[PDB]
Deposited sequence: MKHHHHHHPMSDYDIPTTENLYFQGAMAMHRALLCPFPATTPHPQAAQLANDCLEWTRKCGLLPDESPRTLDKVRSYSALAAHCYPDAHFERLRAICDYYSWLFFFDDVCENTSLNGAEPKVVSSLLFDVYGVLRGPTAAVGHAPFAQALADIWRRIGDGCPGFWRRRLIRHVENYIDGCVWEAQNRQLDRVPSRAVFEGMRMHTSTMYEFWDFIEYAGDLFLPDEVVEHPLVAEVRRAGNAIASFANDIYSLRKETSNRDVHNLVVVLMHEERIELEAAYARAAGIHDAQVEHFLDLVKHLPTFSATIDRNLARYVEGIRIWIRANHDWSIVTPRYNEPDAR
């Protein structure tokens, strides 16, 4: 039902082993809420997503990303539930900063994140580490804002939600990981160039709004409001199906916008231009992978 003009890509050749190793790591780190087939299948699903998003990565880099996918799904759920079940924003803030603090210098999640970070950190330069950390700090701010909305029993206005969703989605982190997974790093002058930044935002919006459309049933069952469809219903005073259609239109316009923008990328140098082209291709791969996965993942379905 959504515009997805990007072709599918063969997943990483070691996808099966990746899922097995990742599941064992999540268990050993104590991150599984239970050992039901539903829970284990979800972890296997996240690992399938990772293997389709970064199909050309060296195995051990993909393994670290894969661990982060599962770690983040679980910890974001913990932080969401903390807020949904009535915690003050200060408590949500303390939880996030306490766990993510290991990126600069605590229950199951701090130690497990430190383990991921030790492996990723060894394969990346400082300027990229600061870039990822900033995107994490952006996400934390976005999550504390969500917690404030819940404390105030508020549905955010659409323009503000769409902006903040770019942070809560963590997709900027997963663009960062395109560089890590390919071992091809872009200088700040490139990713911060306003045209490239708008490409990154558009791809974020495509993936995040697709997630919203497909994750709507789960989030509404959870009494959560941070979903483009719910936000559209409240702002425009429309019913669910009409809001789905508006959300799809917004998604599709971002797709068209992305495709236009990437035809007019700024130029820097033969080497940087080639790395930027691989980075943008990585975003295209991620978008299609996310699209196909969202339709079938048991997390939403």
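Unmodelled regions of the deposited sequence, numbered from residue 1: 1-31, 137-142, 339-343.
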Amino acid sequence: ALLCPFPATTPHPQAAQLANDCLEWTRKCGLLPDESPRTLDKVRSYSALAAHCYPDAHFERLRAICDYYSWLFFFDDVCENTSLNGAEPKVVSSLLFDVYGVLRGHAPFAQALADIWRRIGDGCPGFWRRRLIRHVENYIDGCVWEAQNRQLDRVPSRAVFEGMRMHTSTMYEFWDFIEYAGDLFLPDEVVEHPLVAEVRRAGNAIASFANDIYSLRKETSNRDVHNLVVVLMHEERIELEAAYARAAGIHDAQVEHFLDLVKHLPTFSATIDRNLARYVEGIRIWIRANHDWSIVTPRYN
From here on, numbers count along this sequence of modelled residues.
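The stretch with the higher mean CA B factor, choosing between 183-191 and 144-152, is 183-191.
As the entry records it, the average C-alpha temperature factor is higher for 5-13, out of 278-286 and 5-13.
Annotation for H251, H264, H257, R61: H264 ranks highest, by Cα B-factor. Of the candidates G105, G163, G203, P89, the PDB record gives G105 the highest C-alpha temperature factor. Looking at the C-alpha B-factors along this chain, the one for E219 belongs to the highest third. In this PDB entry, the Cα temperature factor of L32 sits in the middle third of its chain's modelled residues.
Ranked against the other modelled residues of its chain, the C-alpha B-factor of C124 as given in the entry falls in the highest third. Sort the chain's modelled residues by C-alpha temperature factor and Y46 lands in the middle third, per the entry. Sort the modelled residues of the chain by CA B factor and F268 lands in the highest third.
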